[PDB]
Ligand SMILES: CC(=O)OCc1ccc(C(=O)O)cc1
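Consider the single chain below, provided in structure tokens and representing the form deposited without this ligand.
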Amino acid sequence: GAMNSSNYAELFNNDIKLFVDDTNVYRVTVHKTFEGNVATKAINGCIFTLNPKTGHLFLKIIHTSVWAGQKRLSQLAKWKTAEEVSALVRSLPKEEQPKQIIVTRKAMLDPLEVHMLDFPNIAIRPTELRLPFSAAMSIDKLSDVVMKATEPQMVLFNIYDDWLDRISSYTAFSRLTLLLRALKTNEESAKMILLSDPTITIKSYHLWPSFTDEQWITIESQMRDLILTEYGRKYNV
């Protein structure tokens, strides 16, 4: 059934699983037409497919040409997501295929179930967690590869950089979700926190800065403050 706070350690056991987040697949800007009507212009998107134990991210870039001449794009986007996740599973060797796929939005359940009928033993699960994966496009290197794409493309990343050499996958996921929640709540401030100090750089092969263990503690504290800060600025508390 659903993944929630109770069964949270299940994410870091040795059964292969993937989160799938579709909130950045179909992206538009809304604008006025010369006649004063409103229209949308699609921009490139992405499927965010993440193994929470290993940090392996399968970033399928969705190029705007996939929407050309199509109707009901928000519905199509869920089916296209499920088509691409199914294609990814089929592409993986059997011993690398997931046992479970957890969708971050319940509207993905039927599309994914139907596309995965050939895999009756892969469980398709919802979650009650409100995960901040929509903020993936606030990671500069991810946003850059999506916007530059001229055709459909899959790009592979490790979203944990080298953190697993020093911390467990539970702690790495907690750091990732904290960083993403902060970027989602106040992107400007979050990015200021991450880069204020010019002496800590992002390695060419990494997504996040090369913080020492002690600097990560300061960073994580600054992100919690920000999230609480914004939560007050919002509710006036």
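From 1 onward, residues are counted along the sequence shown. Whichever C-alpha set is largest while still superposing within 1.5 Å between the two forms counts as the rigid core.
A fit on the rigid core, followed by a root mean square over CA positions in 9 other deposited structures of this protein, ranks 26-34 against 200-208 and picks 26-34 as the more shifted one.
Fitting each structure in 9 other deposited structures of this protein onto the rigid core and averaging C-alpha distances over structures and residues, 39-47 emerges as the more displaced of 179-187 and 39-47. For the segment pair 5-13 and 20-28, the entry gives 5-13 the higher mean B-factor, averaged over Cα atoms. According to the PDB record, 126-134 carries the higher mean C-alpha B-factor of the two stretches 73-81 and 126-134. The maximum CA B-factor among the listed residues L180, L57, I61, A190, taken from the PDB record, is found at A190.
In this entry, the residue among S143, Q97, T104, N121 with the greatest C-alpha B factor is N121.
The PDB entry assigns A42 a C-alpha temperature factor belonging to the middle third of its chain's modelled residues. In the deposited entry, the Cα temperature factor of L207 sits in the bottom third of values across the chain's modelled residues.
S174: CA B factor in the middle third of modelled residues in this chain (values from the PDB entry). Looking at the C-alpha B-factors along this chain, the one for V66 belongs to the middle third.
Ranked by Cα temperature factor within the chain, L117 sits in the highest third according to the deposited record.
This protein has a second form, the form solved in complex with this ligand, left out of what is shown; the following refers to that one.
For this ligand, fitted onto this chain by superposing the C-alphas round its site in the bound PDB entry, the count of atoms within 2.4 Å of backbone or C-beta atoms is 3 or more, giving a blocked pocket.
Shown alone here, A149 lies farther than 4.5 Å from this ligand in the bound PDB entry, counting heavy atoms only. In the bound PDB entry, this ligand sits within 4.5 Å of a heavy atom belonging to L129.
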